[PDB]
>>> print(open('structure37.txt').read())   # compact mmCIF, N, CA and C atoms and all ligand atoms
# COMPACT_ATOMS: atom_id res chain seq x y z
N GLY A 1 175.75 226.41 9.10
CA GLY A 1 174.54 227.26 9.23
C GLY A 1 174.70 228.21 10.38
N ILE A 2 173.59 228.78 10.85
CA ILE A 2 173.60 229.76 11.93
C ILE A 2 173.82 229.07 13.23
N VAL A 3 173.15 227.96 13.42
CA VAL A 3 173.34 227.28 14.67
C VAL A 3 174.84 227.18 14.79
N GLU A 4 175.50 226.83 13.69
CA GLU A 4 176.91 226.52 13.74
C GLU A 4 177.82 227.72 13.92
N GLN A 5 177.61 228.75 13.10
CA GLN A 5 178.37 229.99 13.20
C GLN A 5 178.32 230.65 14.59
N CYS A 6 177.15 230.71 15.17
CA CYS A 6 176.99 231.36 16.45
C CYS A 6 177.74 230.66 17.52
N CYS A 7 177.90 229.36 17.37
CA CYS A 7 178.62 228.58 18.38
C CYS A 7 180.12 228.43 18.09
N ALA A 8 180.47 228.11 16.86
CA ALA A 8 181.89 227.90 16.59
C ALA A 8 182.59 229.24 16.47
N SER A 9 181.85 230.21 16.00
CA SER A 9 182.34 231.57 15.87
C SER A 9 181.53 232.58 16.70
N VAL A 10 181.11 233.69 16.09
CA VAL A 10 180.15 234.55 16.74
C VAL A 10 179.14 234.97 15.71
N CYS A 11 178.00 235.46 16.20
CA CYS A 11 176.96 235.95 15.32
C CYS A 11 176.25 237.12 15.98
N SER A 12 175.54 237.89 15.16
CA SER A 12 174.84 239.07 15.63
C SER A 12 173.35 238.83 15.73
N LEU A 13 172.68 239.70 16.47
CA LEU A 13 171.23 239.55 16.62
C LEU A 13 170.58 239.82 15.28
N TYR A 14 171.23 240.63 14.44
CA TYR A 14 170.69 240.94 13.14
C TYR A 14 170.77 239.70 12.24
N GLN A 15 171.86 238.93 12.33
CA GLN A 15 171.91 237.64 11.63
C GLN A 15 170.82 236.68 12.11
N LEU A 16 170.48 236.70 13.41
CA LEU A 16 169.45 235.85 13.92
C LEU A 16 168.09 236.22 13.38
N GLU A 17 167.86 237.48 13.10
CA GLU A 17 166.55 237.88 12.62
C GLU A 17 166.24 237.14 11.31
N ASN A 18 167.28 236.63 10.65
CA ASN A 18 167.07 235.89 9.39
C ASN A 18 166.26 234.60 9.61
N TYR A 19 166.09 234.20 10.88
CA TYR A 19 165.46 232.94 11.21
C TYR A 19 164.06 233.14 11.73
N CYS A 20 163.65 234.39 11.84
CA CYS A 20 162.29 234.66 12.30
C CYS A 20 161.32 234.30 11.21
N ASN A 21 160.08 234.05 11.59
CA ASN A 21 159.04 233.71 10.63
C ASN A 21 158.36 234.96 10.16
N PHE B 1 173.90 247.03 19.58
CA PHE B 1 173.92 245.57 19.89
C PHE B 1 175.34 245.07 19.68
N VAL B 2 175.64 243.95 20.31
CA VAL B 2 176.98 243.37 20.21
C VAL B 2 176.92 241.94 19.64
N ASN B 3 178.07 241.42 19.18
CA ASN B 3 178.14 240.05 18.66
C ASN B 3 178.05 239.09 19.82
N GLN B 4 177.63 237.84 19.56
CA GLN B 4 177.41 236.91 20.66
C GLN B 4 177.95 235.53 20.28
N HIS B 5 178.44 234.86 21.30
CA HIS B 5 178.85 233.47 21.22
C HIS B 5 177.72 232.64 21.86
N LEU B 6 176.96 231.92 21.03
CA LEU B 6 175.75 231.24 21.44
C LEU B 6 175.72 229.78 21.03
N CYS B 7 175.74 228.87 22.01
CA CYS B 7 175.74 227.45 21.78
C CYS B 7 174.52 226.83 22.44
N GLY B 8 173.98 225.80 21.82
CA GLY B 8 172.93 225.02 22.42
C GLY B 8 171.69 225.81 22.74
N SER B 9 171.20 225.59 23.96
CA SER B 9 169.97 226.23 24.43
C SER B 9 170.08 227.76 24.47
N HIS B 10 171.27 228.28 24.66
CA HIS B 10 171.47 229.73 24.65
C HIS B 10 171.13 230.35 23.29
N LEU B 11 171.36 229.62 22.20
CA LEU B 11 171.05 230.15 20.88
C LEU B 11 169.55 230.20 20.75
N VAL B 12 168.84 229.18 21.24
CA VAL B 12 167.38 229.14 21.16
C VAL B 12 166.79 230.29 21.95
N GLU B 13 167.35 230.55 23.13
CA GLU B 13 166.91 231.72 23.91
C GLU B 13 167.06 233.03 23.15
N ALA B 14 168.17 233.19 22.43
CA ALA B 14 168.37 234.40 21.67
C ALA B 14 167.40 234.55 20.52
N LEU B 15 167.16 233.45 19.83
CA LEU B 15 166.14 233.45 18.75
C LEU B 15 164.79 233.83 19.27
N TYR B 16 164.41 233.25 20.40
CA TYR B 16 163.15 233.63 21.04
C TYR B 16 163.12 235.14 21.29
N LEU B 17 164.17 235.71 21.87
CA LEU B 17 164.17 237.14 22.17
C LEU B 17 164.12 237.97 20.91
N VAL B 18 164.87 237.58 19.88
CA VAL B 18 164.89 238.36 18.66
C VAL B 18 163.58 238.34 17.90
N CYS B 19 162.92 237.19 17.89
CA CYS B 19 161.80 236.97 16.96
C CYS B 19 160.49 237.18 17.63
N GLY B 20 160.47 236.91 18.94
CA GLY B 20 159.24 237.03 19.70
C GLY B 20 158.05 236.38 19.00
N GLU B 21 156.95 237.14 18.88
CA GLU B 21 155.69 236.53 18.44
C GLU B 21 155.72 236.18 16.98
N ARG B 22 156.72 236.65 16.25
CA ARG B 22 156.86 236.23 14.87
C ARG B 22 157.16 234.75 14.75
N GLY B 23 157.77 234.21 15.80
CA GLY B 23 158.23 232.83 15.79
C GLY B 23 159.53 232.69 15.03
N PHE B 24 160.01 231.47 14.96
CA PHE B 24 161.30 231.22 14.33
C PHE B 24 161.46 229.77 14.04
N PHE B 25 162.41 229.47 13.14
CA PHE B 25 162.78 228.10 12.89
C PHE B 25 164.18 227.86 13.48
N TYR B 26 164.37 226.75 14.17
CA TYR B 26 165.70 226.39 14.68
C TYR B 26 166.16 225.22 13.81
N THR B 27 167.15 225.46 12.96
CA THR B 27 167.50 224.51 11.91
C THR B 27 169.03 224.23 11.94
N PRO B 28 169.46 223.34 12.84
CA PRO B 28 170.85 222.90 12.94
C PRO B 28 171.24 221.99 11.79
N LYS B 29 172.53 221.85 11.58
CA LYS B 29 173.06 220.97 10.55
C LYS B 29 172.97 219.50 10.97
N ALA B 30 172.80 218.65 9.96
CA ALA B 30 172.82 217.18 10.07
C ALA B 30 173.58 216.60 11.27
NI NI C 1 175.27 227.23 29.32
>>> encode(input="structure37.txt", output="structure tokens")
Amino acid sequence: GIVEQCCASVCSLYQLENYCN
Amino acid sequence: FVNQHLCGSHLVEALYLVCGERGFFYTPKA
């Protein structure tokens, strides 16, 4: 998941917006 | 914006900044 990608790899702030309500 | 390496509490901080008053779900794997 995202928690995982951002830590094991990298992620963008735009990918994080996918988790907003 | 740039890509980020975010683990643990740092990821939660980023979600907070990105989502602000919209809120967010923090949903780690099993
Ligand atoms: Ni730290």
>>> atom_distance(input="structure37.txt", atom1="CA of residue 2 in chain B", atom2="atom N of residue 30 in chain B")
27.1 Å
>>> interface_residues(input="structure37.txt", of="chain A", to="chain B", cutoff="6 Å", atoms="all atoms listed in the file", output="ChimeraX atom specification")
/A:3,6-7,9-13,19-21
>>> atom_distance(input="structure37.txt", atom1="atom N of residue 1 in chain A", atom2="atom NI of ligand NI 1 (chain C)")
20.2 Å
>>> select_by_dssp(input="structure37.txt", residues="chain A", states="alpha helix (DSSP H)", output="list in words")
residues 2, 3, 4, 5, 6, 7, 8, 13, 14, 15 and 16 of chain A
>>> axis_aligned_box(input="structure37.txt", around="range 6-13 of chain A", padding_each_side="3 Å", output="AutoDock Vina command-line options")
--center_x 176.6 --center_y 233.9 --center_z 16.8 --size_x 18.0 --size_y 17.9 --size_z 9.2
>>> decode(input="structure37.txt", residues="range 2-30 of chain B", atoms="N, CA, C and O atoms", output="PDB file, in the first residue's frame")
ATOM      1  N   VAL B   2       8.297  17.591  -4.892  1.00  0.00           N
ATOM      2  CA  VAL B   2       9.284  16.541  -5.115  1.00  0.00           C
ATOM      3  C   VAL B   2       8.828  15.212  -4.479  1.00  0.00           C
ATOM      4  O   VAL B   2       7.948  15.214  -3.611  1.00  0.00           O
ATOM      5  N   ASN B   3       9.451  14.098  -4.882  1.00  0.00           N
ATOM      6  CA  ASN B   3       9.128  12.785  -4.305  1.00  0.00           C
ATOM      7  C   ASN B   3       9.695  12.718  -2.904  1.00  0.00           C
ATOM      8  O   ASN B   3      10.658  13.453  -2.600  1.00  0.00           O
ATOM      9  N   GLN B   4       9.144  11.844  -2.053  1.00  0.00           N
ATOM     10  CA  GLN B   4       9.568  11.827  -0.661  1.00  0.00           C
ATOM     11  C   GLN B   4       9.708  10.378  -0.187  1.00  0.00           C
ATOM     12  O   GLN B   4       8.970   9.475  -0.608  1.00  0.00           O
ATOM     13  N   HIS B   5      10.669  10.208   0.697  1.00  0.00           N
ATOM     14  CA  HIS B   5      10.879   8.964   1.411  1.00  0.00           C
ATOM     15  C   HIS B   5      10.312   9.173   2.826  1.00  0.00           C
ATOM     16  O   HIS B   5      10.870   9.939   3.581  1.00  0.00           O
ATOM     17  N   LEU B   6       9.174   8.531   3.117  1.00  0.00           N
ATOM     18  CA  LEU B   6       8.406   8.769   4.328  1.00  0.00           C
ATOM     19  C   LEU B   6       8.068   7.489   5.069  1.00  0.00           C
ATOM     20  O   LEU B   6       7.288   6.717   4.594  1.00  0.00           O
ATOM     21  N   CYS B   7       8.618   7.322   6.267  1.00  0.00           N
ATOM     22  CA  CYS B   7       8.411   6.162   7.087  1.00  0.00           C
ATOM     23  C   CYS B   7       7.785   6.575   8.414  1.00  0.00           C
ATOM     24  O   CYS B   7       7.993   7.664   8.865  1.00  0.00           O
ATOM     25  N   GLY B   8       6.933   5.723   8.947  1.00  0.00           N
ATOM     26  CA  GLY B   8       6.404   5.911  10.275  1.00  0.00           C
ATOM     27  C   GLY B   8       5.640   7.195  10.448  1.00  0.00           C
ATOM     28  O   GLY B   8       4.792   7.586   9.627  1.00  0.00           O
ATOM     29  N   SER B   9       5.953   7.877  11.542  1.00  0.00           N
ATOM     30  CA  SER B   9       5.272   9.122  11.906  1.00  0.00           C
ATOM     31  C   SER B   9       5.471  10.227  10.851  1.00  0.00           C
ATOM     32  O   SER B   9       4.632  11.125  10.715  1.00  0.00           O
ATOM     33  N   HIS B  10       6.566  10.199  10.131  1.00  0.00           N
ATOM     34  CA  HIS B  10       6.797  11.173   9.068  1.00  0.00           C
ATOM     35  C   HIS B  10       5.746  11.066   7.952  1.00  0.00           C
ATOM     36  O   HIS B  10       5.395  12.078   7.354  1.00  0.00           O
ATOM     37  N   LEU B  11       5.247   9.864   7.677  1.00  0.00           N
ATOM     38  CA  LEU B  11       4.240   9.694   6.640  1.00  0.00           C
ATOM     39  C   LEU B  11       2.961  10.313   7.146  1.00  0.00           C
ATOM     40  O   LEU B  11       2.289  10.969   6.398  1.00  0.00           O
ATOM     41  N   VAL B  12       2.630  10.118   8.421  1.00  0.00           N
ATOM     42  CA  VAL B  12       1.407  10.681   8.998  1.00  0.00           C
ATOM     43  C   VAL B  12       1.455  12.197   8.951  1.00  0.00           C
ATOM     44  O   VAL B  12       0.455  12.869   8.699  1.00  0.00           O
ATOM     45  N   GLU B  13       2.619  12.758   9.263  1.00  0.00           N
ATOM     46  CA  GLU B  13       2.789  14.218   9.140  1.00  0.00           C
ATOM     47  C   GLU B  13       2.521  14.724   7.729  1.00  0.00           C
ATOM     48  O   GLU B  13       1.891  15.753   7.527  1.00  0.00           O
ATOM     49  N   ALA B  14       3.002  13.988   6.724  1.00  0.00           N
ATOM     50  CA  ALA B  14       2.769  14.399   5.357  1.00  0.00           C
ATOM     51  C   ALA B  14       1.321  14.325   4.951  1.00  0.00           C
ATOM     52  O   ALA B  14       0.806  15.209   4.253  1.00  0.00           O
ATOM     53  N   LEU B  15       0.656  13.261   5.364  1.00  0.00           N
ATOM     54  CA  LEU B  15      -0.802  13.137   5.123  1.00  0.00           C
ATOM     55  C   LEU B  15      -1.556  14.266   5.733  1.00  0.00           C
ATOM     56  O   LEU B  15      -2.455  14.798   5.112  1.00  0.00           O
ATOM     57  N   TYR B  16      -1.227  14.592   6.977  1.00  0.00           N
ATOM     58  CA  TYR B  16      -1.837  15.746   7.626  1.00  0.00           C
ATOM     59  C   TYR B  16      -1.635  17.005   6.780  1.00  0.00           C
ATOM     60  O   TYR B  16      -2.597  17.762   6.582  1.00  0.00           O
ATOM     61  N   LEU B  17      -0.423  17.269   6.319  1.00  0.00           N
ATOM     62  CA  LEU B  17      -0.168  18.482   5.543  1.00  0.00           C
ATOM     63  C   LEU B  17      -0.921  18.462   4.226  1.00  0.00           C
ATOM     64  O   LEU B  17      -1.490  19.473   3.822  1.00  0.00           O
ATOM     65  N   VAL B  18      -0.947  17.316   3.553  1.00  0.00           N
ATOM     66  CA  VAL B  18      -1.609  17.242   2.263  1.00  0.00           C
ATOM     67  C   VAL B  18      -3.111  17.393   2.356  1.00  0.00           C
ATOM     68  O   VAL B  18      -3.743  18.061   1.522  1.00  0.00           O
ATOM     69  N   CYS B  19      -3.709  16.822   3.391  1.00  0.00           N
ATOM     70  CA  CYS B  19      -5.168  16.665   3.428  1.00  0.00           C
ATOM     71  C   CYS B  19      -5.816  17.729   4.240  1.00  0.00           C
ATOM     72  O   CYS B  19      -6.972  18.091   3.986  1.00  0.00           O
ATOM     73  N   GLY B  20      -5.069  18.224   5.225  1.00  0.00           N
ATOM     74  CA  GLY B  20      -5.604  19.237   6.124  1.00  0.00           C
ATOM     75  C   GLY B  20      -7.012  18.908   6.620  1.00  0.00           C
ATOM     76  O   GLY B  20      -7.274  17.817   7.150  1.00  0.00           O
ATOM     77  N   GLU B  21      -7.930  19.873   6.481  1.00  0.00           N
ATOM     78  CA  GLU B  21      -9.230  19.741   7.137  1.00  0.00           C
ATOM     79  C   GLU B  21     -10.094  18.707   6.466  1.00  0.00           C
ATOM     80  O   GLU B  21     -11.115  18.324   6.991  1.00  0.00           O
ATOM     81  N   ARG B  22      -9.697  18.244   5.288  1.00  0.00           N
ATOM     82  CA  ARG B  22     -10.423  17.156   4.673  1.00  0.00           C
ATOM     83  C   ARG B  22     -10.327  15.875   5.471  1.00  0.00           C
ATOM     84  O   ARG B  22     -11.207  15.008   5.372  1.00  0.00           O
ATOM     85  N   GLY B  23      -9.237  15.756   6.229  1.00  0.00           N
ATOM     86  CA  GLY B  23      -8.944  14.537   6.960  1.00  0.00           C
ATOM     87  C   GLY B  23      -8.360  13.482   6.061  1.00  0.00           C
ATOM     88  O   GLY B  23      -8.207  13.675   4.864  1.00  0.00           O
ATOM     89  N   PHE B  24      -8.077  12.335   6.641  1.00  0.00           N
ATOM     90  CA  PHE B  24      -7.425  11.267   5.895  1.00  0.00           C
ATOM     91  C   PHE B  24      -7.540   9.976   6.622  1.00  0.00           C
ATOM     92  O   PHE B  24      -7.791   9.947   7.847  1.00  0.00           O
ATOM     93  N   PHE B  25      -7.324   8.882   5.887  1.00  0.00           N
ATOM     94  CA  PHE B  25      -7.241   7.580   6.505  1.00  0.00           C
ATOM     95  C   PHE B  25      -5.782   7.104   6.452  1.00  0.00           C
ATOM     96  O   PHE B  25      -5.112   7.189   5.405  1.00  0.00           O
ATOM     97  N   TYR B  26      -5.283   6.568   7.551  1.00  0.00           N
ATOM     98  CA  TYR B  26      -3.924   5.995   7.558  1.00  0.00           C
ATOM     99  C   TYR B  26      -4.133   4.486   7.625  1.00  0.00           C
ATOM    100  O   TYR B  26      -4.597   3.950   8.625  1.00  0.00           O
ATOM    101  N   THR B  27      -3.824   3.789   6.531  1.00  0.00           N
ATOM    102  CA  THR B  27      -4.209   2.391   6.389  1.00  0.00           C
ATOM    103  C   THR B  27      -2.983   1.545   5.966  1.00  0.00           C
ATOM    104  O   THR B  27      -2.791   1.278   4.777  1.00  0.00           O
ATOM    105  N   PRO B  28      -2.141   1.173   6.943  1.00  0.00           N
ATOM    106  CA  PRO B  28      -0.988   0.301   6.733  1.00  0.00           C
ATOM    107  C   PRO B  28      -1.410  -1.138   6.478  1.00  0.00           C
ATOM    108  O   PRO B  28      -2.523  -1.545   6.797  1.00  0.00           O
ATOM    109  N   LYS B  29      -0.496  -1.904   5.910  1.00  0.00           N
ATOM    110  CA  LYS B  29      -0.733  -3.314   5.657  1.00  0.00           C
ATOM    111  C   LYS B  29      -0.625  -4.136   6.943  1.00  0.00           C
ATOM    112  O   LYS B  29       0.159  -3.797   7.865  1.00  0.00           O
ATOM    113  N   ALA B  30      -1.408  -5.220   6.967  1.00  0.00           N
ATOM    114  CA  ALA B  30      -1.400  -6.260   8.014  1.00  0.00           C
ATOM    115  C   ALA B  30      -0.104  -6.380   8.830  1.00  0.00           C
ATOM    116  O   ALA B  30       0.494  -7.462   8.848  1.00  0.00           O
TER     117      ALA B  30
END
